[PDB]
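Enquirer: Once you've had a glance at the structure underneath, I'll fire off some questions.
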Amino acid sequence: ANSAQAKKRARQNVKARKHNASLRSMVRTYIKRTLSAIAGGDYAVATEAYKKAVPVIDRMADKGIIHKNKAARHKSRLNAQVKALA
Amino acid sequence: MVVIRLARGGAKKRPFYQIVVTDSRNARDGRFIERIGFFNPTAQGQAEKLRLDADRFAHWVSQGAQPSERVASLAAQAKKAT
Amino acid sequence: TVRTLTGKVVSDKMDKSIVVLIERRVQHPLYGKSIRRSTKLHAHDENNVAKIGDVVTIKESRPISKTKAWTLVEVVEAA
Amino acid sequence: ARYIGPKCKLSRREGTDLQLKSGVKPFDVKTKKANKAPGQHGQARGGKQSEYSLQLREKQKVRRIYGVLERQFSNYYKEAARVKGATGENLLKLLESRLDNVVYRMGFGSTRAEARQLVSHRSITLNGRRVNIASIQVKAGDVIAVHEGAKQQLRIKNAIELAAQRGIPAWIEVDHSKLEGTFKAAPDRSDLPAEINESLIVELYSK
RNA sequence: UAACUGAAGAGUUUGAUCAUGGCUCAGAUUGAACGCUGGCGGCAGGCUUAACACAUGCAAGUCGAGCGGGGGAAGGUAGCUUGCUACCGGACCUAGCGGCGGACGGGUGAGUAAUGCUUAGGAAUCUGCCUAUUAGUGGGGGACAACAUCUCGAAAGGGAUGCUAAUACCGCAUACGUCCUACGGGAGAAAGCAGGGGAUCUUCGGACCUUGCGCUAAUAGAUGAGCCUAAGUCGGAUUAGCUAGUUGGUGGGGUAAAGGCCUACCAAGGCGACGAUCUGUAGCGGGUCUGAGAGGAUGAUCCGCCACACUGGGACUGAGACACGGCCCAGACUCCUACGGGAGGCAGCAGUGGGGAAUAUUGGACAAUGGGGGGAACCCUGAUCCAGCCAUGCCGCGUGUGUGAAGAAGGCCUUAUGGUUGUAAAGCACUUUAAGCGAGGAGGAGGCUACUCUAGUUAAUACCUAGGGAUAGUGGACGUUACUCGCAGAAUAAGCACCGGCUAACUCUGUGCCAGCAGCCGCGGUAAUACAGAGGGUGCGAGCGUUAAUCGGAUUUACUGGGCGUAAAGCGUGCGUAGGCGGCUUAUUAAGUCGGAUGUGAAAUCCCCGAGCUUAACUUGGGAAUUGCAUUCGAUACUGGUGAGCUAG
């Protein structure tokens, strides 16, 4: 970087990268937990996992970490797979 | 945004402006959406000095176009004249 | 209000997919003689009604696969 | 650039009076060497010429009286060919519409060179404005007057009295007392001398 | 009114001739170069070669009305070595956090024969700032730069401990819209700052009211971008088979979004003589040059699209990048070093080296038009507007005008005295364009501030917003502007090519197949109109010639528009595949063909009629044109399809 503002932009970039990466890993972990419950196959367990996963997905969608279309797709597909367990 | 502004043409020391509606990110004398008049600051004799299409101006302003200072002054002067 | 083409089927092996041959007649740009040209278009046929040799109509639609963007409308003549 | 030099050899080569001198003396008494070409190998008028020689010799004669060079003359031809009408008639109209020629024919200058000098030295006004370009095209209904400082010139008074010997043309009306004149319209071919042939120029430039 | 009107040949094969057929010449044009010469102005253009390497300066900042610190000026108050000190409130400045911008504007054409471009359409998308409308902006918490200490390094810059503010960050509460839904229900936000103030209170300094700028959720509009389809878009067969995520399907994953985009299975498909695969070359279009047209060549300067940023591979932040002057990695190269450690990318503007036949200043201002930030004041802007250099091009002007012959002098030729230079010169009388000197002097500036008035919002006259009026200030880099008026005196200002024919313009000297000229045919071997000089003349003219390149002439690739007995050219002769073409009558279809309507065919460019430049170049208003494409409605003579019938093949 040649200019002070460019250097400042790089600094803010690395900070924001760290913060966003942590927030995105959280959503990935919760979706993984719901998928594991689905694989386990108990309807109540899968329902609890889905009910715990949904608020985190919506919160991180509202912050711009992920797109709201992606959040809606995740919610719909997970709900369908849970309902499949009867 | 969308703006209404002046694009320069003519010869050296004798500018002649077209009044254009365009995206602000475009180059001054490049891509534009619609041309709605002209301005000649040094008109002489029988030459017209300012033509402006008031209905198109109003229609584009109603959609959120932002005139520049010079274009707004010219529009006010044209409305005063006619 | 939708673009349609009329052709003849030249293949039906693929599942839910048919290949139809379109033909057109144009004048040569320089020498003026009328020339015939052919185009092979993949189409979507959900119920495998079409077979080799029938005359079919197809209409433009959104992509279905890598190479298919047209869908069958009706069978005009049977083989 | 304008031609400068001897005018009588110029006229002798073409064989006809080109009106390049004031005219206080006739051409024959002026030169004494007419019908002889300027060169030592110069011969009589009866020398045979090819068609290419004839077309060239006519165009040169037409250029030499008006004092126009080749670039401007070719531009004149190209404009006359574009304008609808007879090409030769249009070319003659364009040549006779120049400001210096109108000043000469109005009698404020003894010769076209005098008229050109007067126009260039800002001694002429066109429609009330002092101009200095000899090739300005004069339109119908114009007013050419002598500038105030230009007035009371002995050369101008000699020019007007000399012009009195000739005939003031139809399209130009002059108040010589006020040094003022009014071009009305472009001469038609009948007014101009009939010895000039323009067809030769036409195919020469349309080759 | 108008928008077009357009076509020339010559030389050369032979002792003549006609034909065939090449070669050469006369035209237009240029981002040109070189030789000789050179006065001015206007308007344009200016590294086509090394996408070769780069010294140095500039080309992206702004906001204290988001925030905490920290500085240095003044002032006021106190004292007194008396004009010095110490204290206190306001006015200025900004290293850091934070917001917006940096994805625009500018450069280049390496790569790319189709993921690109052009024309016409489509559905499954997102979109900061702008416009309209709807619902809100409640209450908490934990941190980290700055700062302080220590430490490494000459530094440049690094590292480690302890604090701190916010429109930085994260829970909780609430939800007109919004998301999911099994239709029962469940889920998800935000931030404050500034101006003014009547009354009231003020736990003592604000609350409260109001108006702006903000922030959150959502729907439309506009703008921008992503995706898909059809038809077009340069050669090569001395390149004939190519393809296994390959072609299709199902489950799942993934994207803003359709989709083998990815993945696990199932099947064996997909492309190709209408040229697949391989290979050479190349940015594409509007346009430009040429041509009677059809065509051919081309893609500088202007505009649209695409791609690239020392060479390759990636991702982050963000509404938007896989980002020229951002980050990471690998490679080559270059630089500083105290050897500890570091740094860099002109195909941005100017400029250097190198290459080349060849292409310019290390300039001025943000006054104008735009762009970024800001409430404003204002700051930034090598975009831009201007200036400098170059006859590179186009257009215009000047280098003087009239008179002046028993034809001065001098030069050249000669039939030896005439001819010619030539009115040319001298002499006589005049004029002052442009350049030079002096004086005056538009327009490019709309506006802003000050004053006053009116109308909105309010509780308000305050503040803010929108308007009106007159006056006064302030605002131009170009610039000693354009333009106008005075002074001087012809005074400051012409070259280049050619004269056997093609092709306008002829003699004498000098040399003798020598020296030399030459586009083709050809000149020179003692009378050279063709070599060199001189006299004379011709053509152009601040230019004139040569070389290079494209089209034309070339009907010399012939679609318009050519040929094959002997000039070049019928396969040695059959059969036959793909293909091309195909007898008569009738009914029907409307693919070819023809007609109407609608939409589109950007602007600029070409042409026509006008307007403004003292004229012209040039600029500009409105038309005409863009010969095309798509959709839709009609006609049925001919061609094609289908049904029926016939016999001359």
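Each chain in the structure tokens gets a letter, A, B and so on, in the order shown; residues start at 1 in every chain, and ligands are counted from 1 in the order they appear.
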Let's see if you can do this: from backbone DSSP, list all strand (DSSP E or B) residues in segment 19-77 of chain B, as a PyMOL selection string.
Expert: chain B and resi 19-23+34-39+50-52+66-67
Enquirer: To test your reading of the structure, identify every residue in chain B that backbone DSSP assigns to helix (DSSP H, G or I), and report it as a list in words.
Expert: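 Taking chain B and keeping helix (DSSP H, G or I) gives residues 54, 55, 56, 57, 58, 59, 60, 61, 62, 69, 70, 71, 72, 73, 74, 75, 76, 77, 78, 79, 80 and 81 of chain B.
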Enquirer: Might you pull out every residue within 7 Å of residue 12 of chain C, with only C-alpha atoms (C1' of nucleotides) counted and same-chain residues fewer than 2 positions away left off, and present them as a PyMOL selection string?
Expert: chain C and resi 14+17-19+51-52
Enquirer: Generate a file of the selected residues that holds N, CA, C and O atoms, formatted as a CSV table (one decimal), in the first residue's frame.
Expert:
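Generated output (selection-v5.csv):
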```csv
chain,number,residue,atom,x,y,z
C,14,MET,N,-32.6,-40.8,-25.4
C,14,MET,CA,-32.4,-40.2,-24.1
C,14,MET,C,-33.7,-40.2,-23.3
C,14,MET,O,-34.8,-40.2,-23.8
C,17,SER,N,-35.9,-36.8,-23.1
C,17,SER,CA,-35.3,-35.8,-24.0
C,17,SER,C,-35.4,-36.3,-25.4
C,17,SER,O,-35.3,-37.5,-25.7
C,18,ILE,N,-35.7,-35.4,-26.4
C,18,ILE,CA,-35.8,-35.7,-27.8
C,18,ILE,C,-34.9,-34.8,-28.6
C,18,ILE,O,-34.7,-33.6,-28.1
C,19,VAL,N,-34.4,-35.2,-29.7
C,19,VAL,CA,-33.7,-34.4,-30.7
C,19,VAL,C,-34.5,-34.2,-31.9
C,19,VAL,O,-34.9,-35.2,-32.6
C,51,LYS,N,-41.5,-40.1,-30.7
C,51,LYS,CA,-40.7,-41.2,-31.2
C,51,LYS,C,-40.0,-40.7,-32.5
C,51,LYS,O,-40.2,-39.6,-33.0
C,52,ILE,N,-39.1,-41.6,-33.0
C,52,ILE,CA,-38.4,-41.2,-34.2
C,52,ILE,C,-39.3,-41.2,-35.4
C,52,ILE,O,-40.0,-42.2,-35.7
```
Enquirer: Could you check how far atom CA of residue 18 of chain B sits from atom CA of residue 39 of chain B, in Å to one decimal?
Expert: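 So the two atoms, atom CA of residue 18 of chain B and atom CA of residue 39 of chain B, lie 6.3 Å apart.
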Enquirer: Which residues, written as a PDB file with N, CA, C and O atoms (P, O5', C5', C4', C3', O3' and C1' of nucleotides), in the first residue's frame, have at least one atom at most 12 Å from residue 462 of chain E, with only C-alpha atoms (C1' of nucleotides) counted and residues fewer than 4 positions away on the same chain left out?
Expert:
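So selection20.pdb came out as:
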```pdb
ATOM      1  P     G E 195     -25.389  23.167  17.788  1.00  0.00           P
ATOM      2  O5'   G E 195     -26.621  23.819  17.020  1.00  0.00           O
ATOM      3  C5'   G E 195     -26.423  24.566  15.830  1.00  0.00           C
ATOM      4  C4'   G E 195     -27.712  25.181  15.345  1.00  0.00           C
ATOM      5  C3'   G E 195     -28.550  25.876  16.404  1.00  0.00           C
ATOM      6  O3'   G E 195     -28.091  27.186  16.685  1.00  0.00           O
ATOM      7  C1'   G E 195     -29.933  24.493  15.072  1.00  0.00           C
ATOM      8  P     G E 196     -28.215  27.788  18.168  1.00  0.00           P
ATOM      9  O5'   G E 196     -29.757  28.155  18.297  1.00  0.00           O
ATOM     10  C5'   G E 196     -30.378  29.007  17.348  1.00  0.00           C
ATOM     11  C4'   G E 196     -31.880  28.941  17.444  1.00  0.00           C
ATOM     12  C3'   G E 196     -32.464  29.088  18.836  1.00  0.00           C
ATOM     13  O3'   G E 196     -32.504  30.431  19.280  1.00  0.00           O
ATOM     14  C1'   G E 196     -33.523  27.296  17.728  1.00  0.00           C
ATOM     15  P     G E 197     -32.363  30.762  20.845  1.00  0.00           P
ATOM     16  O5'   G E 197     -33.812  30.454  21.423  1.00  0.00           O
ATOM     17  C5'   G E 197     -34.958  31.041  20.829  1.00  0.00           C
ATOM     18  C4'   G E 197     -36.226  30.345  21.250  1.00  0.00           C
ATOM     19  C3'   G E 197     -36.438  30.185  22.742  1.00  0.00           C
ATOM     20  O3'   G E 197     -36.886  31.377  23.359  1.00  0.00           O
ATOM     21  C1'   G E 197     -36.935  28.152  21.668  1.00  0.00           C
ATOM     22  P     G E 198     -37.027  31.464  24.956  1.00  0.00           P
ATOM     23  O5'   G E 198     -38.597  31.365  25.191  1.00  0.00           O
ATOM     24  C5'   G E 198     -39.487  32.168  24.432  1.00  0.00           C
ATOM     25  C4'   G E 198     -40.924  31.856  24.756  1.00  0.00           C
ATOM     26  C3'   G E 198     -41.180  31.278  26.136  1.00  0.00           C
ATOM     27  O3'   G E 198     -41.181  32.262  27.155  1.00  0.00           O
ATOM     28  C1'   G E 198     -42.380  30.035  24.529  1.00  0.00           C
ATOM     29  P     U E 210     -43.070  17.921  19.214  1.00  0.00           P
ATOM     30  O5'   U E 210     -42.429  18.821  18.069  1.00  0.00           O
ATOM     31  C5'   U E 210     -43.048  20.035  17.675  1.00  0.00           C
ATOM     32  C4'   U E 210     -42.070  20.959  16.998  1.00  0.00           C
ATOM     33  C3'   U E 210     -41.279  20.360  15.850  1.00  0.00           C
ATOM     34  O3'   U E 210     -42.019  20.310  14.644  1.00  0.00           O
ATOM     35  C1'   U E 210     -39.820  21.558  17.268  1.00  0.00           C
ATOM     36  P     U E 211     -41.763  19.125  13.591  1.00  0.00           P
ATOM     37  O5'   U E 211     -40.528  19.649  12.736  1.00  0.00           O
ATOM     38  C5'   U E 211     -40.508  20.975  12.230  1.00  0.00           C
ATOM     39  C4'   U E 211     -39.130  21.359  11.762  1.00  0.00           C
ATOM     40  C3'   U E 211     -38.397  20.301  10.961  1.00  0.00           C
ATOM     41  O3'   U E 211     -38.801  20.291   9.604  1.00  0.00           O
ATOM     42  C1'   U E 211     -36.944  21.229  12.590  1.00  0.00           C
ATOM     43  P     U E 458     -46.805  21.901  11.759  1.00  0.00           P
ATOM     44  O5'   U E 458     -45.822  21.779  13.004  1.00  0.00           O
ATOM     45  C5'   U E 458     -46.204  22.268  14.277  1.00  0.00           C
ATOM     46  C4'   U E 458     -45.157  23.189  14.845  1.00  0.00           C
ATOM     47  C3'   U E 458     -45.654  24.191  15.873  1.00  0.00           C
ATOM     48  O3'   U E 458     -45.771  23.631  17.170  1.00  0.00           O
ATOM     49  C1'   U E 458     -44.288  25.293  14.285  1.00  0.00           C
TER      50        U E 458
END
```
Enquirer: Could you pull the residues within 10 Å of residue 69 of chain B, counting only C-alpha atoms (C1' of nucleotides), minus those fewer than 4 positions along the same chain, as a list in words?
Expert: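 Listing them by chain and then by number gives residues 4, 5, 73, 74 and 75 of chain B; 446 and 447 of chain E.
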Enquirer: Go ahead and write the residues just picked, N, CA, C and O atoms (P, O5', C5', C4', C3', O3' and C1' of nucleotides), as a PDB file, in the first residue's frame.
Expert:
```pdb
ATOM      1  N   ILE B   4     -29.255  15.054 -14.528  1.00  0.00           N
ATOM      2  CA  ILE B   4     -29.444  15.832 -15.747  1.00  0.00           C
ATOM      3  C   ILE B   4     -28.354  16.891 -15.756  1.00  0.00           C
ATOM      4  O   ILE B   4     -28.277  17.720 -14.842  1.00  0.00           O
ATOM      5  N   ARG B   5     -27.506  16.876 -16.782  1.00  0.00           N
ATOM      6  CA  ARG B   5     -26.315  17.713 -16.773  1.00  0.00           C
ATOM      7  C   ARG B   5     -25.949  18.126 -18.193  1.00  0.00           C
ATOM      8  O   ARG B   5     -26.661  17.831 -19.158  1.00  0.00           O
ATOM      9  N   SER B  73     -30.655  26.121 -12.876  1.00  0.00           N
ATOM     10  CA  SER B  73     -30.763  27.545 -13.177  1.00  0.00           C
ATOM     11  C   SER B  73     -31.307  27.769 -14.583  1.00  0.00           C
ATOM     12  O   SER B  73     -32.158  28.640 -14.800  1.00  0.00           O
ATOM     13  N   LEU B  74     -30.828  26.985 -15.551  1.00  0.00           N
ATOM     14  CA  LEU B  74     -31.308  27.120 -16.923  1.00  0.00           C
ATOM     15  C   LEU B  74     -32.783  26.764 -17.034  1.00  0.00           C
ATOM     16  O   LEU B  74     -33.533  27.423 -17.761  1.00  0.00           O
ATOM     17  N   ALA B  75     -33.218  25.715 -16.332  1.00  0.00           N
ATOM     18  CA  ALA B  75     -34.627  25.340 -16.366  1.00  0.00           C
ATOM     19  C   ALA B  75     -35.499  26.425 -15.754  1.00  0.00           C
ATOM     20  O   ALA B  75     -36.570  26.747 -16.286  1.00  0.00           O
TER      21      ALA B  75
ATOM     22  P     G E 446     -24.018  35.822 -16.047  1.00  0.00           P
ATOM     23  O5'   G E 446     -25.138  34.702 -16.208  1.00  0.00           O
ATOM     24  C5'   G E 446     -25.990  34.366 -15.124  1.00  0.00           C
ATOM     25  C4'   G E 446     -25.964  32.888 -14.835  1.00  0.00           C
ATOM     26  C3'   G E 446     -26.401  32.488 -13.437  1.00  0.00           C
ATOM     27  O3'   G E 446     -27.808  32.414 -13.301  1.00  0.00           O
ATOM     28  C1'   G E 446     -24.373  31.401 -13.964  1.00  0.00           C
ATOM     29  P     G E 447     -28.526  33.064 -12.020  1.00  0.00           P
ATOM     30  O5'   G E 447     -28.128  32.086 -10.831  1.00  0.00           O
ATOM     31  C5'   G E 447     -27.704  32.596  -9.578  1.00  0.00           C
ATOM     32  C4'   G E 447     -26.385  32.000  -9.160  1.00  0.00           C
ATOM     33  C3'   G E 447     -25.966  32.263  -7.725  1.00  0.00           C
ATOM     34  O3'   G E 447     -26.580  31.376  -6.807  1.00  0.00           O
ATOM     35  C1'   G E 447     -24.150  32.711  -9.164  1.00  0.00           C
TER      36        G E 447
END
```
